[PDB]
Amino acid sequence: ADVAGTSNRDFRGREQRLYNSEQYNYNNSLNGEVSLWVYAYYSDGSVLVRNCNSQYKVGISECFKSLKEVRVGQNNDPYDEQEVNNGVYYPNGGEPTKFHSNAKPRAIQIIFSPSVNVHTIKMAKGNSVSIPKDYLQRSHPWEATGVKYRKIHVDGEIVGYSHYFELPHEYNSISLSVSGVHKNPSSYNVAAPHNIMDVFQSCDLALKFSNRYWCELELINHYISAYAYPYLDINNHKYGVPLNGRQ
């Protein structure tokens, strides 16, 4: 046989490139996943991830309470933190023993898989009682924020999209929902009657994951890298596996 890496008959090499190209492009097909991660960063260095993976479209909806840090199997002062909630839903509305709950997220990162169409991304960053803009009567139920999403580039390939905002001020008390639609460069509407009920089933079939990792390093090692997820750390370092046309 020919010698490896010297001719057009390195079929092992051509198969390896095809395998990676097929995965990248299958992800972008109508049969592929679109994936959303919401990372909540806490002052103790830990990071809650909410992940959802689904066909056609994907979303995550959180309230002020559900984004707060919960240390499973450790002391979370649940009564005091319920009083924090009362005091955050309405000024001077509770009696916690603290000015600022360290369970409040300090930052949110939203990451989409590269199979999303950024023009469809919608976000409702609301107040602590789950109103998009102060009062329901004046509230558009979402903002289209795709123009703020940064590309996560690795080796010249877009491995994901990131929107990141900090919550450093005492009044950064939020509720959060995010939604994005899978790429569809075709004119075949996936939610038109020929396929509409499969989009309803995709709502049933969406797989959700949640975990609080002890720090960004551990998140990077045992979640992002282990499962070929895109990521952007606090030092602006990009993570991901470039696939298209690549060995």
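Residue numbers here begin at 1 and follow the sequence given.
Participant: Is the mean CA B factor in the deposited entry higher across 29-37 or across 66-74?
Facilitator: In the deposited entry, the stretch with the higher C-alpha B-factor mean is 66-74.
Participant: Using the temperature factors in the entry, find which of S162, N92, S113, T120 has the highest value at its Cα atom.
Facilitator: Most elevated C-alpha B-factor of the set, per the entry: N92.
Participant: Sorting the chain's modelled residues by C-alpha B-factor, tell me whether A144 ends up in the lowest, middle or highest third.
Facilitator: Middle third - that is where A144 ends up once the chain's C-alpha B-factors are sorted.
Participant: Would you please rank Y24 by its C-alpha temperature factor against the other modelled residues of its chain and give the third it falls in: lowest, middle or highest?
Facilitator: CA B-factor rank for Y24: highest third.
Participant: Looking at the C-alpha B-factor of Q109, is it in the lowest, middle or highest third of its chain?
Facilitator: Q109: CA B-factor falls in the lowest third of its chain.
Participant: Test of reading the entry: by CA B factor among the chain's modelled residues, which third contains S46?
Facilitator: Tercile = lowest for this residue's CA B-factor.
Participant: Among all modelled residues of this chain, ranked by Cα B factor, put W214 in the bottom, middle or top third, i.e. lowest, middle or highest.
Facilitator: For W214, whose C-alpha B-factor we compare with every modelled residue in the chain, the answer is the highest third.
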